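Undergrad: quick one: initial chain(s) of a complex, as found there:
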Amino acid sequence: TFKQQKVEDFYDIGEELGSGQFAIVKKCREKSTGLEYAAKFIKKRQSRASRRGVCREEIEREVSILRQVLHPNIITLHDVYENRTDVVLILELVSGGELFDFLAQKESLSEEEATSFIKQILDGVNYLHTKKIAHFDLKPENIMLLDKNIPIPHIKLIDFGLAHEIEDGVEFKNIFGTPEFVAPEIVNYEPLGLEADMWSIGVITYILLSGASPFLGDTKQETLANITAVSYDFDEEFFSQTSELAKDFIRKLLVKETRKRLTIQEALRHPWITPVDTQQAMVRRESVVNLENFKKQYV
């Protein structure tokens, strides 16, 4: 249940850190402990027909999920307050910005370094999937870093606004997500599960390695058609330096049939992520990433 108290009685509310549809995030400091957090103010929907704000039931669902998750690569919920207009999530403060913005200012990136970031994502997703929680909004802007000024920045997955607990024998279908990153079952309005997350990881990896996006077309119409046709390529212009193992990883994630798509456990065990011998570890270490196109696309 949400605390029916004024958050500003308990926290000093500071500068705005970011925003999204429905939400404004401000830095804050809890008065009694002096510890800092991010306060995410979520505007409640006031009527069923309104397209503004979030339905309080859906906010409750996000909170229910967040309260269950404690893992180094997943944002940690601290508290929840409510007033007339907003539900306020007090979240672990993540100060390192978005992963992509960090990689975009980067000078040099090998596939070994790339997989270390991807593996952090896989660890977080694995933890969620074990608890039968689908994130359903895996995309660059929801992959943040605790501190961008350390040798190996530490990934935190945020934004559980679309997250859902998948129940066996209960069908879940909905239309949501950013076209560039949604799986074919989302576009086709077919039953949804943990597999959509794995497709998204395939897309994020593809972009991370090449700067290009596998299904993105001139228009949303084209993007959606491309996704449902699973029409993509590894254009040599952008993938000339990419290892076959990296491509194999992506190929096994960008698969229409949900049953055949890699599961999170299989992804974690794929040789690209977890080499089984020195020979593979070298190939990965020597494969250099395409920061030219990536920067063009994300700067």
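TA: Cool, the structure landed. Residues are numbered from 1 along each chain as shown, chains lettered A, B, ... in the order given.
Undergrad: state the distance from residue A:178 to residue A:55.
TA: From residue A:178 across to residue A:55, the span is 20 Å (CB to CB, to the nearest Å). In this view, the C-beta of every residue, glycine as well, is placed from N, C-alpha and C.
Undergrad: give me every residue that touches residue A:184.
TA: Contact analysis of residue A:184 by CB atoms under 8 Å, 6 or more residues apart in numbering lists A:190, A:199, A:227-228, A:230, A:256.
Undergrad: switch to 7 Å and redo it
TA: With contacts defined as CB atoms under 7 Å, 6 or more residues apart in numbering, residue A:184 is in contact with A:227-228, A:230, A:256.
Undergrad: break chain A into its domains for me.
TA: Domain ranges of chain A: A:1-95, A:96-299, per curated CATH domains.
Undergrad: quote the end-to-end distance of the longest one.
TA: The separation between the terminal residues of domain A:96-299, taken as CA to CA, to the nearest Å, is 17 Å.
Undergrad: ok, the first one next?
TA: Its first and final residues considered, domain A:1-95 spans 28 Å by CA to CA.
Undergrad: deepest of the domains of chain A, which one?
TA: Compared across the domains of chain A, domain A:96-299 shows the largest average neighbour count, a mean of 18 (mean count of other CB atoms under 10 Å).
Undergrad: quick one: distance of that domain to the chain centre.
TA: The chain centroid and the centroid of domain A:96-299 are separated by 9 Å under CA atoms, centre = their mean, to the nearest Å.
Undergrad: which residues of chain A fall in helices?
TA: Here chain A has its helices, by DSSP state H, at A:7-10, A:56-66, A:99-104, A:111-130, A:184-187, A:195-210, A:220-229, A:236-239, A:244-253, A:264-269, A:278-286, A:291-298.
Undergrad: now the contacts of residue A:184 in JSON lines, with distance to residue A:61?
TA: Output for the contacts of residue A:184, formatted as JSON lines (distance: CB to CB, whole Å):
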{"residue": "A:227", "distance to residue A:61": "26"}
{"residue": "A:228", "distance to residue A:61": "28"}
{"residue": "A:230", "distance to residue A:61": "31"}
{"residue": "A:256", "distance to residue A:61": "28"}
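Undergrad: which one of the residues you listed is nearest to residue A:282?
TA: For the contacts of residue A:184, the residue nearest residue A:282 by CB to CB is residue A:230; the value is 31.7 Å.
Undergrad: spit out the contact partners of that closest one.
TA: A:184, A:254, A:256.
Undergrad: for residue A:145, see how far away residue A:224 is.
TA: From residue A:224 over to residue A:145 the distance is 31 Å, taken as CB to CB.
Undergrad: rewinding a little: which one, of the helices of chain A, ends up nearest to residue A:17?
TA: Using CB to CB, the nearest of the helices of chain A to residue A:17 is helix A:99-104, at 13.7 Å.
Undergrad: show me what the closest one is packed up against.
TA: Here helix A:99-104 touches strand A:143-145, helix A:291-298, going by 3 or more CB pairs under 7 Å, 6 or more residues apart in numbering; DSSP states H and E.
Undergrad: make it 10 Å
TA: Helix A:99-104 sits against helix A:111-130, strand A:143-145, strand A:155-157, helix A:195-210, helix A:291-298, with contacts defined as 3 or more CB pairs under 10 Å, 6 or more residues apart in numbering; DSSP states H and E.
Undergrad: would you list the helices of chain A in JSON lines and tack on distance to residue A:155?
TA: Below are these laid out as JSON lines (distance: least, CB to CB, whole Å):
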{"stretch": "helix A:7-10", "distance to residue A:155": "28"}
{"stretch": "helix A:56-66", "distance to residue A:155": "17"}
{"stretch": "helix A:99-104", "distance to residue A:155": "6"}
{"stretch": "helix A:111-130", "distance to residue A:155": "4"}
{"stretch": "helix A:184-187", "distance to residue A:155": "24"}
{"stretch": "helix A:195-210", "distance to residue A:155": "11"}
{"stretch": "helix A:220-229", "distance to residue A:155": "25"}
{"stretch": "helix A:236-239", "distance to residue A:155": "24"}
{"stretch": "helix A:244-253", "distance to residue A:155": "18"}
{"stretch": "helix A:264-269", "distance to residue A:155": "15"}
{"stretch": "helix A:278-286", "distance to residue A:155": "19"}
{"stretch": "helix A:291-298", "distance to residue A:155": "16"}
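Undergrad: add one more, call it chain B:
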Amino acid sequence: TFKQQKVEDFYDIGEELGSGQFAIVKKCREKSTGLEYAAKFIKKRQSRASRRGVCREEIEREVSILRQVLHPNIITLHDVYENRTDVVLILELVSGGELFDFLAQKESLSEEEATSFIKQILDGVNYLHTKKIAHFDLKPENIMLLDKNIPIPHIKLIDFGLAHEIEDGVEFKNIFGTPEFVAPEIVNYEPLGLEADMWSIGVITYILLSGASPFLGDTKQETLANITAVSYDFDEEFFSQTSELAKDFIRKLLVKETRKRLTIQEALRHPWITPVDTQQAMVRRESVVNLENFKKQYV
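TA: Following on from the chains above, chain B is added here:
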């Protein structure tokens, strides 16, 4: 071609009329004639990946369709300007706000009066469909009034951002529109055509008469489920004064099978809209819109 000139050089730009995704619409007056228009400032997309702006092709499509339409119940296009950030559509000014807001201030409303407004909409849609143009965004906010201060205001359909010319043999699929008003073929990502407009008219009619919404659930997920199941009723709480003629009209529009749904021509010739005898005309005259519920829902 868009005029590569500063719209401000030729128009005095006045107060805001409304806004949308990457569009802001303002009153304006052309200096050379003193005539008033609405200027729709569409923000152009900068990269194929942004969730911001509108790409060249889609702006062009909207202009191309607007150029073709000249009908009393559809806004007319006057001119098009372009600068570095925006394409500006100079459109016929519609000053009387939205139809529903006008009906919501009404004391009393019979089905006869109601059908005369609905017939204005049908006339506009009939004109588009004859040119094989689907509007694809028929909903209350896009049904406006030229002048809300005359006894029986004239309807103008606006917002052709989703409009599309339907080509024989060429499949068109896309994901768009407001959940409450989209047809099952939109939700299911199946081939689209002129029929989607007809479903929307069914929903608009249902709400106009009763104040209730046929498929609206507590959440978007529910709404979409209701739509694809065509799960709706004529709850006597709201429809106890509505004619069987009106309900028949709605039943024939809210049909999943696109080939079975009324066409615009058939809707214009449905006896609720165009009675074939004196008796039907009386029934319509003796049936009443549920203004009580309508007002409740539209405030």
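Undergrad: what packs on helix A:99-104 with chain B there, same question as before?
TA: Counting by 3 or more CB pairs under 10 Å, 6 or more residues apart in numbering or on different chains; DSSP states H and E, the packing neighbours recorded for helix A:99-104 are helix A:111-130, strand A:143-145, strand A:155-157, helix A:195-210, helix A:291-298.
Undergrad: any chance of those in CSV, plus distance to chain B?
TA: Compiled in CSV, the helices and strands packed on helix A:99-104 are given as follows (distance: least, CB to the nearest CB, whole Å):
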stretch, distance to chain B
helix A:111-130, 20
strand A:143-145, 16
strand A:155-157, 20
helix A:195-210, 9
helix A:291-298, 7
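Undergrad: just put those in CSV and tack on distance to residue A:216.
TA: Compiled in CSV, the helices and strands packed on helix A:99-104 are given as follows (distance: least, CB to CB, whole Å):
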stretch, distance to residue A:216
helix A:111-130, 20
strand A:143-145, 18
strand A:155-157, 22
helix A:195-210, 9
helix A:291-298, 10
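Undergrad: which of those sits closest to residue B:151?
TA: With CB to CB as the criterion, residue B:151 lies closest to helix A:195-210 of these, at 54.1 Å.
Undergrad: stretch A:173-184: end-to-end distance?
TA: 12 Å.
Undergrad: re earlier: closest to residue A:21 out of the helices and strands packed on helix A:99-104?
TA: strand A:143-145 (17.6 Å).
Undergrad: what sits up against the closest one?
TA: Applying CB atoms under 10 Å, 6 or more residues apart in numbering or on different chains, the external contacts of strand A:143-145 come out as A:18, A:73, A:75, A:94-103, A:117, A:120-121, A:124, A:153-159, A:204, A:208.
Undergrad: again, but for stretch A:125-132
TA: A:65, A:68-74, A:119, A:122, A:133-135, A:138, A:157, A:160, A:163-168, A:193-195, A:197-198, A:200-201, A:263-265, A:267-268.
Undergrad: quick check: residues of the stretch 1-150 of chain A near chain B?
TA: A:21, A:45, A:47-49, A:51, A:54-55, A:57-58, A:61, A:141 (CB under 10 Å from any CB of the partner chain).
Undergrad: any idea how far residue A:248 lies from residue A:265?
TA: Distance of residue A:248 to residue A:265, computed by CB to CB: 17 Å.
Undergrad: typo on my end, residue A:55
TA: 33 Å.
Undergrad: mind listing what residue A:175 touches?
TA: Here residue A:175 is in contact with A:182, A:186-187, A:189, B:175, B:179, B:182, B:186-187, B:189, B:220-221, B:223-224 (criterion: CB under 10 Å, 6+ apart).
Undergrad: ok, 6 Å please
TA: With contacts defined as CB atoms under 6 Å, 6 or more residues apart in numbering or on different chains, residue A:175 is in contact with residue B:224.
Undergrad: same question, residue A:113
TA: Listed by CB under 6 Å, 6+ apart, the contact set of residue A:113 is empty.
Undergrad: the longest strand in chain A is where?
TA: Taking DSSP state E as the criterion, chain A has its longest strand at strand A:11-20.
Undergrad: can you pull out the residues in contact with that one?
TA: Strand A:11-20 has contacts (CB under 6 Å, 6+ apart) with A:25-30, A:38.
Undergrad: nearest residue to residue A:30 other than its sequence neighbours?
TA: Excluding the flanking residues, the one nearest residue A:30 by CB to CB, 6 or more residues apart in numbering or on different chains is residue A:11, at 5.5 Å.
Undergrad: now do residue A:139
TA: residue A:181 (4.6 Å).
Undergrad: ok, that neighbour - contacts?
TA: Per CB under 6 Å, 6+ apart, neighbours of residue A:181: A:139, A:200, A:203.
Undergrad: how near is it to residue A:142?
TA: In terms of CB to CB, residue A:181 sits 10 Å off from residue A:142.
Undergrad: quickly list what's touching both of those two.
TA: With CB under 6 Å, 6+ apart, residue A:181 and residue A:142 have no common neighbours.
Undergrad: next one: the spatially most central residue of chain A from chain B, what distance?
TA: Of all residues in chain A, the one closest to the mean position by CA atoms, centre = their mean is residue A:138, 2.9 Å from it. Residue A:138 sits 16 Å away from chain B when distances are taken as CB to the nearest CB, to the nearest Å.
Undergrad: having no further points to raise, I will conclude here.
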